[PDB]
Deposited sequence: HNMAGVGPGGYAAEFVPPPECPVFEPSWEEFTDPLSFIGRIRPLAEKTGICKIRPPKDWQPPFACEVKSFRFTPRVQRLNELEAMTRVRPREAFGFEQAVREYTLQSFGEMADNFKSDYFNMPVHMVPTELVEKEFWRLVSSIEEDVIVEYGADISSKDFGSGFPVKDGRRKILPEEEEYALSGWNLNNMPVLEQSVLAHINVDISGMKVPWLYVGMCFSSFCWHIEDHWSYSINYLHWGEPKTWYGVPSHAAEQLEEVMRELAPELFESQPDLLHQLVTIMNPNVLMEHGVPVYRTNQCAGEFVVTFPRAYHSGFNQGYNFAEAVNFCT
């Protein structure tokens, strides 16, 4: 049958008073959000940070992703990597989506891309290939947020965003222990996806979509982490079942309905431009991009 969308994860629209400190706000919403694994945070309408990346010199080499690579298990010269700019990648991304759905990219419903994505993942008749830039360090290209540094120029109206606590460059990243950490950038297109994973050291993670088409998320609360791992190991290929989790997490693709049928609670959301997504400790999550977009993420500690 067709894909059944999971229930929506919590969406918070804090006022200017509640939006003062991120760590205190996440701590207040924890009793609900930790029961869903992921949550979406919409900043106030007037909170609009400018895009501070060097678009003129942004040249990256995206990865190549075959959607049905695991289903094909039942030659490593499929496609080279190539190099794009932010504009040339966007032209390729919009052309791919408009030609695939035979309609303008802004007219494709999010539910349709969602149902088609999971059909292509398990399809052996069609081989769809997409590209995406991932784990791009914001120290080589600059962060999407304004940052006080000698390289970039900060307008007076942009200094508040360079000093804001919701600026991902200002999140605490040093974990406490007895006796370098920079946000990463993500340039996506239609069907470009990330498989089920948790963060290193079970850390928190916060994600911001600077611009572009939405990013679809799926989340599992931490109390069902061991249940997801049991379902994953029972249905993964025998060659990948005994692999360590940090290696298995590279190919942990699974339809959310399969997890839901085994009793694993799964929540979804469409992260739109200007919205935050927070994943809680040991909350497995996965998803895909609806189209050409630009995201930034960092793991933080409380």
Wait, which stretches of the deposited chain are just not there in the structure?
1-12, 87-93, 199-207
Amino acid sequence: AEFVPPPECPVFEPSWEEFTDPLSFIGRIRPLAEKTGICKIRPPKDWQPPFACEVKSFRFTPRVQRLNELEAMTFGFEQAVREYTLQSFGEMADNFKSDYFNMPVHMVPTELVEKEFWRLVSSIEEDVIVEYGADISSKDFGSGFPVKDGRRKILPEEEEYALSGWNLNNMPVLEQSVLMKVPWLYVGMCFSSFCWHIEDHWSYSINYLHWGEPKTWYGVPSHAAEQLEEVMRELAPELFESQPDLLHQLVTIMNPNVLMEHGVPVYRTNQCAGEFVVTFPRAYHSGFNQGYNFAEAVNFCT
From here on, numbers count along this sequence of modelled residues.
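Definition used throughout: the rigid core is the maximal C-alpha set that superposes within 1.5 Å between two forms.
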Relative to the presented form, and with the rigid core used for superposition, do the C-alpha atoms of 207-215 or of 148-156 deviate more in 9 other deposited structures of this protein?
148-156
Could you find out if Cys190 - modelled in this structure - is missing from at least a third of the other PDB entries compared that contain residues on either side?
no
Specify whether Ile124 falls into a modelling gap in a third or more of the other PDB entries of this protein.
no
Per the entry, higher mean C-alpha B factor between 85-93 and 219-227
85-93
Out of 282-290 and 9-17, which stretch has the higher average CA B-factor listed in the record?
9-17
According to the deposited entry, which of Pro237, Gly274, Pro265, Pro256 has the largest Cα B-factor?
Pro237
Between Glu114, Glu131, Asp135, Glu157, which one tops the list for C-alpha B-factor in the PDB entry?
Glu157
Taking the values exactly as deposited, rank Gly150 by C-alpha B-factor within its chain and report the matching third: lowest, middle or highest.
highest
Tell me, lowest, middle or highest third: where does the Cα B factor of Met180 rank within its chain?
highest
So where's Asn207 on the chain's Cα temperature factor ranking, which third?
lowest
With respect to C-alpha B-factor, does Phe75 fall in the lowest, middle or highest third of the chain as deposited?
highest
Is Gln65 in the lowest, middle or highest third of its chain when residues are ranked by C-alpha B-factor?
middle
